[PDB]
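**Student:** Residue numbers (the authors' numbering), protein chains in the order written: chain A, 7 to 188, 193 to 262; chain B, 7 to 188, 193 to 263.
Cβ coordinates follow ideal geometry from the N, Cα and C atoms, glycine included.
Got a structure here, written out as structure tokens. Questions coming.
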């Protein structure tokens, strides 16, 4: 029921609020999970525009007011604690990981939280068609790669797109792309190298997976694209989630 | 015709650059026209967020980098001069109207331009059902009203949605909305009072139009709502286009 799924959602982030640290992959089936990036209002203008200029890579689910946390995607939730793990960035480099972001969030009083993602998940219908999601078939975090595809810059922000990949068997590629395209369309199909990915076994983010010799790698734009921007643009201070440790919202 | 449409657009923008002032309706047919609101970077955040929160009322066509009067919607165009008429706003009140916003723009070297609009015009489809766009029949701008439907607030900005009104034959209305909905879906049919409109003969924007004894007023979210938020939020300084004097892009509809 829709009522129970929401319960499991309030349940899950309730635990993370209590310090629990575990991947959110398949934590509350049927519940929209989002990526995060919080910036001081000043840099938030750069990212809002970065998001309006690259909606495929940074589709916004919500933007908190300057005095966050709290988001309409989860009534009563606190963005500073309800995420398993946060990546605290300083001067364009990851400075530390933490289970609670309350302190880091205090460094600025006009922090702006951006919840990034899409309420539509193509993974469900794929598995429905009998395709299989390699990383799910395992207790895995989908592998993700920083490509050579430059995003449209905005303000002081600029950077490459980050993609997640799932091996699709040769004869299901066409319908795999069509199913997920029914914004959700794959950005690339095939040759990893054409994306500046020189070794699929070493993903910049997430866990690597195996690809049966008859499988074709397919790539989709994902919400960690913002993290690549933080690193290529030297943003003084930003707070994002740690890949694989997302914010489970109340939206199915 | 191939390229012809955008050529007419370039020419038209050219005359406006050279000081021509004339309603923009009808010119460069087939070319998407847009509303404009230019704000200082600091307020540009509030409005960009106002837009992301109210997409049907403020559909963004483009956003210029701060301090740049250009737009990808028209190569070689200059926003400070290619619109026939501008509205300079001060303390959310409207201080002056000029044929050249060049001087006003220089008051902030961090001006951000927002071209508001949609490339999907439904008027063509209507006139190609005989639904007749009243205001296109008379020499007037489409009546626009400030409603009682508040936009979701964003930062310092707040305000009501400004709708556009087209008189439509009672027995036709059912399709006029279906057509204009292939952002374009109409927000209100009927009692103009229920939408906060007291006297249709008095529109807040454009020219009033005559409603025949049979027609029903049909309303559409209008790309003029930011100006309403500018008055209700006391925006210290802003620049927008004037009534029926829009920016003609090279982007076909």
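Short of 8 Å Cβ to Cβ, which residues in the stretch 203-220 of chain B face chain A?
**Tutor:** Correct list: empty, as no residue qualifies.
**Student:** Assess, as a yes-or-no matter, whether the stretch 211-230 of chain B is touched by the stretch 10-23 of chain B under the definition of 3 or more beta carbon pairs within less than 8 Å.
**Tutor:** These segments do not touch.
**Student:** What number of angstroms, rounded off, separates the C-alpha of residue 30 of chain A from the C-alpha of residue 39 of chain A?
**Tutor:** Their backbone Cα atoms lie some 8 Å apart in a straight line.
**Student:** For the beta strand (DSSP E) that contains residue 103 of chain B, what are its first and last residues?
**Tutor:** Start and end: 102-104.
**Student:** Using a Cβ-Cβ cut-off of less than 7 Å, list which residues of the stretch 89-120 of chain A approach chain B; keep chain order.
**Tutor:** Hits within the stretch: zero.
**Student:** Taking the alpha-carbon positions, what's the residue 69 of chain A to residue 220 of chain B distance?
**Tutor:** Answer to the nearest angstrom: the Cα atoms are 43 Å apart.
**Student:** Determine the DSSP secondary structure at residue 45 of chain A, reduced to helix, strand or coil.
**Tutor:** Residue state, collapsed to three classes: strand.
**Student:** Alpha carbons only, please: which of B:237, B:133 and B:118 is nearest the one belonging to residue 152 of chain B?
**Tutor:** Of the candidates B:237, B:133 and B:118, the one whose C-alpha sits nearest the C-alpha of residue 152 of chain B is B:237.
**Student:** Please confirm whether residue 54 of chain A has its beta-carbon closer than 7 Å to some beta-carbon of chain B.
**Tutor:** Output row for residue 54 of chain A: interface = yes.
**Student:** I'd like the list of long-range same chain contacts for residue 72 of chain B, defined as Cβ closer than 6 Å, with 5 residues on each side in sequence excluded.
**Tutor:** Excluding sequence neighbours, residue 72 of chain B sits near 47, 116 and 118.
**Student:** Can you pull the chain B residues whose beta carbon is under 8 Å from the beta carbon of residue 47 of chain A, in chain order?
**Tutor:** Neighbours of residue 47 of chain A on chain B, chain order: 51.
**Student:** Using a Cβ distance threshold of 8 Å, determine whether the stretch 231-248 of chain B contacts the stretch 51-70 of chain B, with at least three qualifying pairs required.
**Tutor:** Yes, the stretch 231-248 of chain B is in contact with the stretch 51-70 of chain B.
**Student:** Would you give the residue range spanned by the alpha helix (DSSP H) that residue 219 of chain A belongs to?
**Tutor:** Per DSSP, residue 219 of chain A belongs to no alpha helix (DSSP H) and is neither H nor E.
**Student:** Count the other C-beta atoms from every protein chain shown that fall within 10 angstroms of the C-beta of residue 175 of chain A, then say buried if there are 16 or more, exposed otherwise.
**Tutor:** Exposed, by the Cβ-count rule.
**Student:** What residues of chain A sit near residue 69 of chain B, judged by a beta carbon separation below 7 Å?
**Tutor:** Going along chain A in sequence order, the residues near residue 69 of chain B (Cβ under 7 Å) are 55 and 58.
**Student:** Once you ignore the five residues that flank residue 178 of chain A on each side, which residues in its own chain have a CB closer than 8 Å to its CB?
**Tutor:** Only 135 and 137 meet the Cβ criterion.
**Student:** Just to confirm my understanding: we take residue 88 of chain A, look at its own chain, exclude 5 residues before and 5 after, and list those with CB closer than 6 Å. What are they?
**Tutor:** Contacts found: 19, 22 and 23.
**Student:** Considering only residues of the same chain and omitting the five flanking positions on each side of residue 196 of chain B, which have a CB-CB separation below 8 Å?
**Tutor:** Excluding positions up to five away in sequence, the list reads 182, 183, 186, 228, 229 and 230.
**Student:** What residue range does the beta strand (DSSP E) around residue 93 of chain B cover?
**Tutor:** Looking at the DSSP string, the run of the beta strand (DSSP E) that includes residue 93 of chain B is 92-96.
**Student:** For the alpha helix (DSSP H) that contains residue 141 of chain B, what are its first and last residues?
**Tutor:** Run containing residue 141 of chain B: 140-143, per the alpha helix (DSSP H) assignment.
**Student:** Using the three-state DSSP reduction, which class does residue 120 of chain B fall into: helix, strand or coil?
**Tutor:** Three-state result, residue 120 of chain B: strand.
**Student:** If you draw a straight line from the C-alpha of residue 180 of chain B to the C-alpha of residue 9 of chain A, how long is it?
**Tutor:** Those two C-alpha atoms are separated by around 37 Å.
**Student:** Contact defined as beta carbons within less than 8 Å: I believe residue 251 of chain B pairs with residue 42 of chain B. What is the distance between those atoms, to the nearest angstrom?
**Tutor:** So it is a contact: roughly 4 Å between Cβ atoms.
**Student:** So residue 155 of chain A is in the beta strand (DSSP E); what residue range does that whole segment cover?
**Tutor:** Element bounds for residue 155 of chain A: 150-156.
**Student:** Just to confirm the assignment, what range does the alpha helix (DSSP H) spanning residue 235 of chain A have?
**Tutor:** Segment 235-243, the alpha helix (DSSP H) holding residue 235 of chain A.
**Student:** Measuring only the C-alpha atoms, how far is residue 84 of chain B from residue 107 of chain B?
**Tutor:** Answer to the nearest angstrom: the Cα atoms are 10 Å apart.
**Student:** Once DSSP output is grouped into helix, strand and coil, what is the label at residue 8 of chain B?
**Tutor:** Residue state, collapsed to three classes: coil.
**Student:** So if I threshold CB-CB distances at 8 Å, which residues from the stretch 63-87 of chain A count as touching chain B?
**Tutor:** Against chain B - using a Cβ distance shorter than 8 Å - the residues of the stretch 63-87 of chain A are 66, 69, 71 and 72.
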